[PDB]
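Raw contents of start.cif, mmCIF, C-alpha atoms:
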data_model
#
loop_
_atom_site.group_PDB
_atom_site.id
_atom_site.type_symbol
_atom_site.label_atom_id
_atom_site.label_comp_id
_atom_site.auth_asym_id
_atom_site.auth_seq_id
_atom_site.Cartn_x
_atom_site.Cartn_y
_atom_site.Cartn_z
ATOM 1 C CA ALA Z 1345 114.538 93.479 94.288
ATOM 2 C CA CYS Z 1346 112.443 95.751 96.520
ATOM 3 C CA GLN Z 1347 110.063 92.841 97.123
ATOM 4 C CA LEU Z 1348 113.004 90.682 98.194
ATOM 5 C CA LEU Z 1349 114.121 93.445 100.561
ATOM 6 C CA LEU Z 1350 110.547 93.627 101.867
ATOM 7 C CA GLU Z 1351 110.518 89.957 102.839
ATOM 8 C CA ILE Z 1352 113.994 90.305 104.366
ATOM 9 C CA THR Z 1353 112.789 93.229 106.486
ATOM 10 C CA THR Z 1354 109.606 91.427 107.530
ATOM 11 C CA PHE Z 1355 111.584 88.370 108.630
ATOM 12 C CA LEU Z 1356 114.101 90.474 110.517
ATOM 13 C CA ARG Z 1357 111.435 92.535 112.308
ATOM 14 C CA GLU Z 1358 109.290 89.449 113.005
ATOM 15 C CA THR Z 1359 112.045 87.236 114.446
ATOM 16 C CA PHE Z 1360 114.507 89.504 116.278
ATOM 17 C CA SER Z 1361 111.601 90.965 118.285
ATOM 18 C CA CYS Z 1362 110.663 87.512 119.626
ATOM 19 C CA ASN Z 1452 121.698 96.322 115.742
ATOM 20 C CA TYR Z 1453 120.278 94.428 112.768
ATOM 21 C CA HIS Z 1454 116.674 95.285 113.694
ATOM 22 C CA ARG Z 1455 117.420 98.875 114.771
ATOM 23 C CA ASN Z 1456 119.163 100.220 111.649
ATOM 24 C CA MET Z 1457 118.812 99.204 107.997
ATOM 25 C CA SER Z 1458 120.983 100.587 105.207
ATOM 26 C CA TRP Z 1459 118.564 100.060 102.314
ATOM 27 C CA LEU Z 1460 115.676 102.157 103.694
ATOM 28 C CA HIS Z 1461 117.106 105.355 102.193
ATOM 29 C CA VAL Z 1462 117.303 103.630 98.808
ATOM 30 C CA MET Z 1463 113.606 102.762 99.064
ATOM 31 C CA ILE Z 1464 112.822 106.402 99.863
ATOM 32 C CA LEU Z 1465 114.704 107.574 96.775
ATOM 33 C CA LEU Z 1466 113.040 104.951 94.573
ATOM 34 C CA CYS Z 1467 109.669 106.246 95.744
ATOM 35 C CA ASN Z 1468 110.648 109.875 95.121
ATOM 36 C CA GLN Z 1469 112.469 109.111 91.834
ATOM 37 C CA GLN Z 1470 109.259 109.253 89.818
ATOM 38 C CA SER Z 1471 107.398 111.732 87.624
ATOM 39 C CA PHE Z 1472 103.948 112.752 88.880
ATOM 40 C CA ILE Z 1473 103.162 115.173 86.035
ATOM 41 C CA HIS Z 1481 106.549 110.643 80.088
ATOM 42 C CA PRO Z 1482 109.229 107.929 80.095
ATOM 43 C CA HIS Z 1483 109.306 107.485 83.893
ATOM 44 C CA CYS Z 1484 105.790 108.371 85.000
ATOM 45 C CA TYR Z 1485 104.323 106.281 87.800
ATOM 46 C CA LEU Z 1486 101.557 105.072 85.474
ATOM 47 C CA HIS Z 1487 104.140 103.650 83.065
ATOM 48 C CA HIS Z 1488 106.052 102.019 85.924
ATOM 49 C CA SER Z 1489 102.870 100.401 87.246
ATOM 50 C CA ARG Z 1490 101.990 99.123 83.770
ATOM 51 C CA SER Z 1491 105.485 97.665 83.339
ATOM 52 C CA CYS Z 1492 105.263 95.994 86.753
ATOM 53 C CA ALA Z 1493 101.875 94.482 85.906
ATOM 54 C CA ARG Z 1494 103.205 93.183 82.585
ATOM 55 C CA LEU Z 1495 106.165 91.564 84.348
ATOM 56 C CA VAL Z 1496 103.853 89.985 86.931
ATOM 57 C CA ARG Z 1497 101.655 88.547 84.174
ATOM 58 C CA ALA Z 1498 104.679 87.215 82.282
ATOM 59 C CA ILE Z 1499 106.097 85.567 85.407
ATOM 60 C CA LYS Z 1500 102.711 84.017 86.206
ATOM 61 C CA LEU Z 1501 102.625 82.595 82.681
ATOM 62 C CA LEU Z 1502 106.147 81.219 83.138
ATOM 63 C CA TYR Z 1503 105.166 79.426 86.357
ATOM 64 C CA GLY Z 1504 101.826 78.447 84.802
ATOM 65 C CA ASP Z 1554 103.354 75.542 90.525
ATOM 66 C CA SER Z 1555 101.110 75.789 93.577
ATOM 67 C CA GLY Z 1556 103.782 77.449 95.715
ATOM 68 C CA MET Z 1557 104.910 80.272 93.435
ATOM 69 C CA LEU Z 1558 101.419 80.876 92.037
ATOM 70 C CA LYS Z 1559 99.875 81.135 95.506
ATOM 71 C CA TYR Z 1560 102.702 83.394 96.692
ATOM 72 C CA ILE Z 1561 102.215 85.781 93.769
ATOM 73 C CA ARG Z 1562 98.444 85.654 94.281
ATOM 74 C CA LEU Z 1563 98.590 86.510 98.006
ATOM 75 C CA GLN Z 1564 101.923 88.096 98.957
ATOM 76 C CA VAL Z 1565 102.716 89.952 95.696
ATOM 77 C CA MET Z 1566 99.531 91.572 94.408
ATOM 78 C CA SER Z 1567 101.584 93.957 92.271
ATOM 79 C CA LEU Z 1568 105.264 94.830 92.163
ATOM 80 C CA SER Z 1569 104.890 98.614 92.057
ATOM 81 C CA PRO Z 1570 103.759 99.021 95.718
ATOM 82 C CA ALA Z 1571 106.749 97.012 96.981
ATOM 83 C CA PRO Z 1572 108.954 99.859 98.320
ATOM 84 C CA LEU Z 1573 106.201 101.804 100.105
ATOM 85 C CA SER Z 1574 104.934 98.676 101.848
ATOM 86 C CA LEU Z 1575 108.530 97.947 102.858
ATOM 87 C CA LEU Z 1576 108.690 101.308 104.626
ATOM 88 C CA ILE Z 1577 105.412 100.387 106.329
ATOM 89 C CA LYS Z 1578 106.942 97.206 107.751
ATOM 90 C CA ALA Z 1579 109.893 99.122 109.264
ATOM 91 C CA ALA Z 1580 107.858 102.120 110.431
ATOM 92 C CA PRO Z 1581 109.118 102.210 114.061
ATOM 93 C CA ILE Z 1582 112.747 102.430 112.916
ATOM 94 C CA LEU Z 1583 112.158 105.353 110.543
ATOM 95 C CA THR Z 1584 113.589 108.630 111.805
ATOM 96 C CA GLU Z 1585 111.550 111.827 111.781
ATOM 97 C CA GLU Z 1586 113.579 113.049 108.791
ATOM 98 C CA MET Z 1587 112.737 110.131 106.503
ATOM 99 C CA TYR Z 1588 109.035 110.537 107.307
ATOM 100 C CA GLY Z 1589 109.131 114.013 105.790
ATOM 101 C CA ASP Z 1590 111.283 112.646 102.980
ATOM 102 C CA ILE Z 1591 108.655 110.039 102.063
ATOM 103 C CA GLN Z 1592 105.616 112.278 102.656
ATOM 104 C CA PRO Z 1593 105.551 113.898 99.168
ATOM 105 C CA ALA Z 1594 105.625 110.589 97.284
ATOM 106 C CA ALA Z 1595 102.926 109.113 99.520
ATOM 107 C CA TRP Z 1596 100.754 112.180 98.946
ATOM 108 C CA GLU Z 1597 101.274 112.054 95.182
ATOM 109 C CA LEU Z 1598 100.565 108.313 94.881
ATOM 110 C CA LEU Z 1599 97.206 108.608 96.674
ATOM 111 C CA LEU Z 1600 95.165 108.792 93.444
ATOM 112 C CA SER Z 1601 96.777 105.816 91.694
ATOM 113 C CA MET Z 1602 94.334 103.608 89.809
ATOM 114 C CA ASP Z 1603 95.832 100.505 91.426
ATOM 115 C CA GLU Z 1604 94.051 99.789 94.701
ATOM 116 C CA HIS Z 1605 97.140 98.278 96.344
ATOM 117 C CA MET Z 1606 99.333 101.313 95.665
ATOM 118 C CA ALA Z 1607 96.562 103.638 96.842
ATOM 119 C CA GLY Z 1608 96.187 101.702 100.088
ATOM 120 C CA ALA Z 1609 99.931 101.620 100.713
ATOM 121 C CA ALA Z 1610 100.184 105.367 100.112
ATOM 122 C CA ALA Z 1611 97.233 105.996 102.432
ATOM 123 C CA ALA Z 1612 98.827 103.924 105.202
ATOM 124 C CA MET Z 1613 102.191 105.646 104.783
ATOM 125 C CA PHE Z 1614 100.619 109.111 104.808
ATOM 126 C CA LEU Z 1615 98.572 108.329 107.918
ATOM 127 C CA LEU Z 1616 101.686 107.096 109.725
ATOM 128 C CA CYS Z 1617 103.585 110.215 108.633
ATOM 129 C CA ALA Z 1618 100.764 112.368 109.998
ATOM 130 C CA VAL Z 1619 100.893 110.434 113.270
ATOM 131 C CA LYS Z 1620 104.643 110.962 113.629
ATOM 132 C CA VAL Z 1621 105.048 114.456 112.122
ATOM 133 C CA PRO Z 1622 101.638 116.194 112.255
ATOM 134 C CA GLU Z 1623 103.066 119.660 111.575
ATOM 135 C CA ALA Z 1624 104.330 118.942 108.057
ATOM 136 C CA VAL Z 1625 101.135 117.117 107.085
ATOM 137 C CA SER Z 1626 99.001 119.982 108.390
ATOM 138 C CA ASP Z 1627 101.080 122.569 106.527
ATOM 139 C CA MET Z 1628 100.879 120.595 103.281
ATOM 140 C CA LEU Z 1629 97.122 120.097 103.624
ATOM 141 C CA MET Z 1630 96.530 123.791 104.307
ATOM 142 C CA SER Z 1631 98.640 124.729 101.284
ATOM 143 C CA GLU Z 1632 96.858 122.212 99.045
ATOM 144 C CA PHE Z 1633 93.268 123.049 99.985
ATOM 145 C CA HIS Z 1634 93.866 126.806 99.577
ATOM 146 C CA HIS Z 1635 95.564 126.376 96.203
ATOM 147 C CA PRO Z 1636 94.955 128.847 93.326
ATOM 148 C CA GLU Z 1637 94.257 125.919 90.951
ATOM 149 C CA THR Z 1638 90.894 124.154 90.885
ATOM 150 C CA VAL Z 1639 92.511 120.858 89.855
ATOM 151 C CA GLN Z 1640 94.785 120.899 92.907
ATOM 152 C CA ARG Z 1641 91.922 121.576 95.331
ATOM 153 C CA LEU Z 1642 89.756 118.870 93.764
#
Any chance you could give the structure as structure tokens?
Amino acid sequence: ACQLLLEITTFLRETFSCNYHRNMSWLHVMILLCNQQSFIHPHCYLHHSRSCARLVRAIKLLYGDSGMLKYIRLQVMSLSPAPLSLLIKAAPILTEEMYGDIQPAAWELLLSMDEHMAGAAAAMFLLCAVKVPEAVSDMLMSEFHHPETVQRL
């Protein structure tokens, strides 16, 4: 569903710029979906990514044609990074509050094994730093000077 929303948002922000394109209701939902995860389990981000990959493989097998296969091979690398990337597409519309709302999840998803999720989190965190440098600086200072070796590493 998040993927579908992503394409909707991309169409709307790539055609109305050539209001609907100034406010979007679902963004908040995306933010929650990104924060509604366990970064320490039954709902750990690793398990969610594995489930997404399994679903992708199953769907590929089902459509095992050129159209869907190519789309999944180019536009949907994995399902798990769908919400974050969505927020990337609608970055200009995001208010300064939702940047700080999404910052923790982007920070926590930076070490994901999946390359796509890592890249999406990196992009989101960089944009957050661009828009709200103070929060990013405070978080970085707290993290580097942390009393736990694991955290610093």
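Distance check against residue 1352 in chain Z using all atoms listed in the file: of Z:1567, Z:1578, Z:1473, Z:1497, the minimum falls on Z:1578.
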Checklist entry - So how far away is CA of residue 1622 in chain Z from CA of residue 1588 in chain Z, in Å? => result 10.5 Å
Draw an axis-aligned box over all listed atoms of range 1502-1556 of chain Z, pad each side with 6 Å, and write its centre and edge lengths in Å, one decimal, as JSON.
{"center_x": 103.6, "center_y": 78.4, "center_z": 89.4, "size_x": 17.0, "size_y": 17.7, "size_z": 24.6}
Checklist entry - What do you get, as a list in words, if you spell out every residue that the PyMOL selection byres ((chain Z and resi 1605-1609) around 8) selects here? => result residues 1566, 1567, 1569, 1570, 1573, 1574, 1577, 1598, 1599, 1600, 1601, 1602, 1603, 1604, 1610, 1611, 1612 and 1613 of chain Z
Next on the checklist: Under the rule that only C-alpha atoms are counted, which of Z:1499, Z:1628, Z:1615, Z:1464 is the nearest residue to residue 1586 in chain Z?
Outcome noted: Z:1464
Near residue 1617 in chain Z, within 10 Å and counting all atoms listed in the file, which residues show up once chain neighbours fewer than 3 positions away are dropped, as a PDB file with C-alpha atoms, in the frame of the given file?
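Output saved as result_20.pdb:
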ATOM      1  CA  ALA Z1580     107.858 102.120 110.431  1.00  0.00           C
ATOM      2  CA  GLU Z1585     111.550 111.827 111.781  1.00  0.00           C
ATOM      3  CA  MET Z1587     112.737 110.131 106.503  1.00  0.00           C
ATOM      4  CA  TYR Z1588     109.035 110.537 107.307  1.00  0.00           C
ATOM      5  CA  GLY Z1589     109.131 114.013 105.790  1.00  0.00           C
ATOM      6  CA  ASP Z1590     111.283 112.646 102.980  1.00  0.00           C
ATOM      7  CA  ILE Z1591     108.655 110.039 102.063  1.00  0.00           C
ATOM      8  CA  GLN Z1592     105.616 112.278 102.656  1.00  0.00           C
ATOM      9  CA  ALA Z1595     102.926 109.113  99.520  1.00  0.00           C
ATOM     10  CA  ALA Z1611      97.233 105.996 102.432  1.00  0.00           C
ATOM     11  CA  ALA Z1612      98.827 103.924 105.202  1.00  0.00           C
ATOM     12  CA  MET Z1613     102.191 105.646 104.783  1.00  0.00           C
ATOM     13  CA  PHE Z1614     100.619 109.111 104.808  1.00  0.00           C
ATOM     14  CA  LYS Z1620     104.643 110.962 113.629  1.00  0.00           C
ATOM     15  CA  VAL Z1621     105.048 114.456 112.122  1.00  0.00           C
ATOM     16  CA  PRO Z1622     101.638 116.194 112.255  1.00  0.00           C
ATOM     17  CA  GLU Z1623     103.066 119.660 111.575  1.00  0.00           C
ATOM     18  CA  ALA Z1624     104.330 118.942 108.057  1.00  0.00           C
ATOM     19  CA  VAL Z1625     101.135 117.117 107.085  1.00  0.00           C
TER      20      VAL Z1625
END
Item to check | Atom-to-atom span, CA of residue 1568 in chain Z and CA of residue 1492 in chain Z, Å | outcome: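 Interatomic distance here is 5.5 Å.
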Fill-in result for range 1557-1583 of chain Z, N, CA, C and O atoms as a short mmCIF file (atom, residue, chain, number, x, y, z; two decimals), keeping the file's coordinate frame:
data_model
loop_
_atom_site.label_atom_id
_atom_site.label_comp_id
_atom_site.auth_asym_id
_atom_site.auth_seq_id
_atom_site.Cartn_x
_atom_site.Cartn_y
_atom_site.Cartn_z
N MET Z 1557 104.66 78.96 94.03
CA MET Z 1557 104.91 80.27 93.44
C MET Z 1557 103.61 80.98 93.07
O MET Z 1557 103.46 82.18 93.30
N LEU Z 1558 102.68 80.26 92.44
CA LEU Z 1558 101.42 80.88 92.04
C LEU Z 1558 100.68 81.45 93.24
O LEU Z 1558 100.24 82.60 93.22
N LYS Z 1559 100.54 80.65 94.30
CA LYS Z 1559 99.88 81.14 95.51
C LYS Z 1559 100.61 82.34 96.09
O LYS Z 1559 99.97 83.32 96.50
N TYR Z 1560 101.94 82.28 96.15
CA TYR Z 1560 102.70 83.39 96.69
C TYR Z 1560 102.42 84.67 95.91
O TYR Z 1560 102.16 85.73 96.50
N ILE Z 1561 102.48 84.60 94.58
CA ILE Z 1561 102.22 85.78 93.77
C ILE Z 1561 100.76 86.22 93.89
O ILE Z 1561 100.45 87.40 93.71
N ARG Z 1562 99.85 85.29 94.19
CA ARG Z 1562 98.44 85.65 94.28
C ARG Z 1562 98.08 86.26 95.63
O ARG Z 1562 97.06 86.96 95.72
N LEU Z 1563 98.87 86.01 96.67
CA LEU Z 1563 98.59 86.51 98.01
C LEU Z 1563 99.60 87.53 98.49
O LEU Z 1563 99.22 88.61 98.96
N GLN Z 1564 100.90 87.24 98.38
CA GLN Z 1564 101.92 88.10 98.96
C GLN Z 1564 102.43 89.16 98.00
O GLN Z 1564 102.96 90.18 98.46
N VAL Z 1565 102.29 88.97 96.69
CA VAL Z 1565 102.72 89.95 95.70
C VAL Z 1565 101.50 90.24 94.82
O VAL Z 1565 101.34 89.64 93.75
N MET Z 1566 100.67 91.20 95.23
CA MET Z 1566 99.53 91.57 94.41
C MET Z 1566 99.99 92.33 93.18
O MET Z 1566 99.53 92.07 92.06
N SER Z 1567 100.91 93.28 93.37
CA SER Z 1567 101.58 93.96 92.27
C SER Z 1567 102.98 94.32 92.75
O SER Z 1567 103.23 94.43 93.95
N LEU Z 1568 103.89 94.49 91.80
CA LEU Z 1568 105.26 94.83 92.16
C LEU Z 1568 105.42 96.30 92.52
O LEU Z 1568 106.23 96.64 93.39
N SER Z 1569 104.67 97.18 91.87
CA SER Z 1569 104.89 98.61 92.06
C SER Z 1569 104.78 99.06 93.51
O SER Z 1569 105.60 99.90 93.93
N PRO Z 1570 103.84 98.57 94.33
CA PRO Z 1570 103.76 99.02 95.72
C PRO Z 1570 104.80 98.42 96.65
O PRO Z 1570 104.70 98.61 97.86
N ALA Z 1571 105.80 97.71 96.12
CA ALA Z 1571 106.75 97.01 96.98
C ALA Z 1571 107.52 97.95 97.89
O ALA Z 1571 107.57 97.69 99.11
N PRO Z 1572 108.15 99.03 97.41
CA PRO Z 1572 108.95 99.86 98.32
C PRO Z 1572 108.14 100.51 99.42
O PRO Z 1572 108.51 100.42 100.60
N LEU Z 1573 107.02 101.15 99.08
CA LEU Z 1573 106.20 101.80 100.10
C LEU Z 1573 105.84 100.83 101.22
O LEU Z 1573 106.07 101.10 102.40
N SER Z 1574 105.29 99.67 100.85
CA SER Z 1574 104.93 98.68 101.85
C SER Z 1574 106.14 98.30 102.70
O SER Z 1574 106.01 98.11 103.91
N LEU Z 1575 107.32 98.21 102.08
CA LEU Z 1575 108.53 97.95 102.86
C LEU Z 1575 108.69 98.98 103.97
O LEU Z 1575 108.87 98.63 105.14
N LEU Z 1576 108.58 100.26 103.62
CA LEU Z 1576 108.69 101.31 104.63
C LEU Z 1576 107.62 101.15 105.70
O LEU Z 1576 107.85 101.52 106.86
N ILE Z 1577 106.46 100.62 105.34
CA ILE Z 1577 105.41 100.39 106.33
C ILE Z 1577 105.86 99.33 107.33
O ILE Z 1577 105.59 99.44 108.53
N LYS Z 1578 106.54 98.28 106.86
CA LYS Z 1578 106.94 97.21 107.75
C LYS Z 1578 107.97 97.68 108.77
O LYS Z 1578 107.97 97.21 109.91
N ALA Z 1579 108.85 98.60 108.38
CA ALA Z 1579 109.89 99.12 109.26
C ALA Z 1579 109.55 100.52 109.77
O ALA Z 1579 110.44 101.36 109.94
N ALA Z 1580 108.27 100.78 110.01
CA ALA Z 1580 107.86 102.12 110.43
C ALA Z 1580 108.51 102.55 111.74
O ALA Z 1580 109.01 103.69 111.81
N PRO Z 1581 108.54 101.73 112.79
CA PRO Z 1581 109.12 102.21 114.06
C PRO Z 1581 110.56 102.67 113.94
O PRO Z 1581 110.97 103.58 114.67
N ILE Z 1582 111.34 102.07 113.04
CA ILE Z 1582 112.75 102.43 112.92
C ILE Z 1582 112.94 103.74 112.17
O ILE Z 1582 113.98 104.39 112.34
N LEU Z 1583 111.98 104.15 111.34
CA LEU Z 1583 112.16 105.35 110.54
C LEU Z 1583 112.36 106.57 111.44
O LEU Z 1583 111.62 106.77 112.41
#
